[PDB]
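Input: a single structure, listed below in structure tokens.
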Amino acid sequence: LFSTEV
Amino acid sequence: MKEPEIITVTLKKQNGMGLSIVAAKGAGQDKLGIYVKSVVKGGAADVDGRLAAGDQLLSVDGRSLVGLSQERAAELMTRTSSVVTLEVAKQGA
């Protein structure tokens, strides 16, 4: 439930 | 629920994608979906204009990433070749 960046 | 609109876009990586995603689960789900949280400016998807915040991901670069962790999902997504095939779904509540 995290928010990464690709 | 009434059958969403899933589509795969074929774009090329100019200098990254620049976006955000979040993993969400539920009931009767033995996997994890890479949903979209936001889109960074000057990104391959932002400049071209295809995917938006609050969406769902299924396949990336022709890979079935159904049941992977955000780390493996995002990492693999950025770890693509010149051509990229992101399959995003159209929905929203």
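Labeling convention for the structure tokens: chains A, B, ... as they appear, residues from 1 per chain, ligands from 1 in order of appearance.
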Please identify every residue of chain B that has at least one atom no more than 12 Å from any atom of chain A, counting only C-alpha atoms, and report them as a short mmCIF file (atom, residue, chain, number, x, y, z; two decimals) with C-alpha atoms, in the first residue's frame.
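File produced: part-v6.cif:
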data_model
loop_
_atom_site.label_atom_id
_atom_site.label_comp_id
_atom_site.auth_asym_id
_atom_site.auth_seq_id
_atom_site.Cartn_x
_atom_site.Cartn_y
_atom_site.Cartn_z
CA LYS B 13 11.33 5.51 -23.31
CA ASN B 15 14.38 9.48 -20.57
CA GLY B 16 12.13 7.68 -18.07
CA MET B 17 8.41 7.46 -17.32
CA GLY B 18 7.94 9.72 -14.29
CA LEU B 19 4.80 8.52 -12.49
CA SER B 20 3.45 7.02 -9.25
CA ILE B 21 1.75 3.72 -8.38
CA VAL B 22 0.19 2.01 -5.34
CA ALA B 23 -0.41 -1.68 -4.55
CA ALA B 24 -3.93 -2.63 -3.41
CA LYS B 25 -5.56 -5.95 -2.44
CA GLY B 26 -9.05 -7.22 -1.61
CA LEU B 32 -1.48 -7.51 -6.34
CA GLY B 33 -2.43 -4.77 -8.81
CA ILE B 34 -0.12 -1.85 -9.59
CA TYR B 35 -2.58 1.06 -9.55
CA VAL B 36 -1.64 4.63 -10.54
CA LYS B 37 -1.38 7.39 -7.91
CA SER B 38 0.03 10.28 -9.99
CA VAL B 39 2.05 11.23 -13.09
CA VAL B 40 5.31 13.20 -13.11
CA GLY B 43 7.35 11.86 -18.47
CA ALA B 44 6.93 9.46 -21.40
CA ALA B 45 3.31 8.92 -20.33
CA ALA B 53 -3.89 8.90 -11.80
CA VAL B 60 4.12 -4.31 -18.61
CA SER B 69 5.39 -6.65 -4.95
CA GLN B 70 5.51 -2.93 -5.76
CA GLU B 71 9.32 -3.12 -5.64
CA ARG B 72 9.45 -5.92 -8.24
CA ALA B 73 6.59 -4.35 -10.23
CA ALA B 74 7.91 -0.77 -10.40
CA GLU B 75 11.52 -1.93 -10.77
CA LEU B 76 10.63 -4.22 -13.70
CA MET B 77 8.49 -1.49 -15.31
CA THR B 78 11.36 1.02 -15.36
CA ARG B 79 13.68 -1.86 -16.31
CA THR B 80 12.14 -2.10 -19.81
#
Quote the spacing between CA of residue 57 (chain B) and CA of residue 81 (chain B) in Å to one decimal place.
18.2 Å
Can you pull out every residue within 12 Å of residue 2 (chain B), counting only C-alpha atoms, but drop anything in the same chain fewer than 6 positions away, and send it as number ranges by chain?
B: 90-92
Would you mind writing down, as a ChimeraX atom specification, each residue of region 17-73 of chain B that DSSP on the backbone assigns to helix (DSSP H, G or I)?
/B:44-48,70-73
Could you dump the residues just selected with N, CA, C and O atoms as a CSV table (one decimal), in the first residue's frame?
chain,number,residue,atom,x,y,z
B,44,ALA,N,7.3,10.1,-20.2
B,44,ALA,CA,6.9,9.5,-21.4
B,44,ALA,C,5.4,9.3,-21.5
B,44,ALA,O,4.8,9.4,-22.6
B,45,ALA,N,4.8,9.1,-20.4
B,45,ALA,CA,3.3,8.9,-20.3
B,45,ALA,C,2.6,10.3,-20.2
B,45,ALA,O,1.5,10.5,-20.7
B,46,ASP,N,3.2,11.2,-19.5
B,46,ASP,CA,2.7,12.6,-19.3
B,46,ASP,C,2.7,13.4,-20.6
B,46,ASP,O,1.8,14.0,-21.0
B,47,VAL,N,3.9,13.3,-21.3
B,47,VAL,CA,4.1,14.1,-22.6
B,47,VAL,C,3.2,13.5,-23.7
B,47,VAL,O,2.5,14.3,-24.4
B,48,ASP,N,3.1,12.2,-23.8
B,48,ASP,CA,2.3,11.5,-24.8
B,48,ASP,C,0.8,11.6,-24.4
B,48,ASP,O,0.0,11.8,-25.3
B,70,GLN,N,5.3,-4.2,-5.1
B,70,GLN,CA,5.5,-2.9,-5.8
B,70,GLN,C,7.0,-2.8,-6.2
B,70,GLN,O,7.2,-2.3,-7.3
B,71,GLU,N,7.9,-3.2,-5.3
B,71,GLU,CA,9.3,-3.1,-5.6
B,71,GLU,C,9.7,-3.9,-6.9
B,71,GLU,O,10.3,-3.3,-7.8
B,72,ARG,N,9.2,-5.1,-7.0
B,72,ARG,CA,9.4,-5.9,-8.2
B,72,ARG,C,8.7,-5.4,-9.4
B,72,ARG,O,9.1,-5.4,-10.6
B,73,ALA,N,7.4,-4.9,-9.2
B,73,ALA,CA,6.6,-4.4,-10.2
B,73,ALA,C,7.2,-3.1,-10.8
B,73,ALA,O,7.4,-3.0,-12.0
All residues 10 Å or closer to residue 88 (chain B), only C-alpha atoms, same chain fewer than 5 positions away omitted, as a PyMOL selection string
chain B and resi 5-9+34-36+50-52+55-60
Could you state the separation of CA of residue 66 (chain B) and CA of residue 93 (chain B) in Å, given to one decimal place?
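Distance between the two atoms: 22.3 Å.
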Please report the interatomic distance between CA of residue 54 (chain B) and CA of residue 86 (chain B) in Å with one decimal.
14.9 Å
Please report, as a PyMOL selection string, each residue of chain B to which DSSP assigns strand (DSSP E or B) when run on this structure's backbone.
chain B and resi 5-12+19-24+33-39+56-60+63-64+83-90
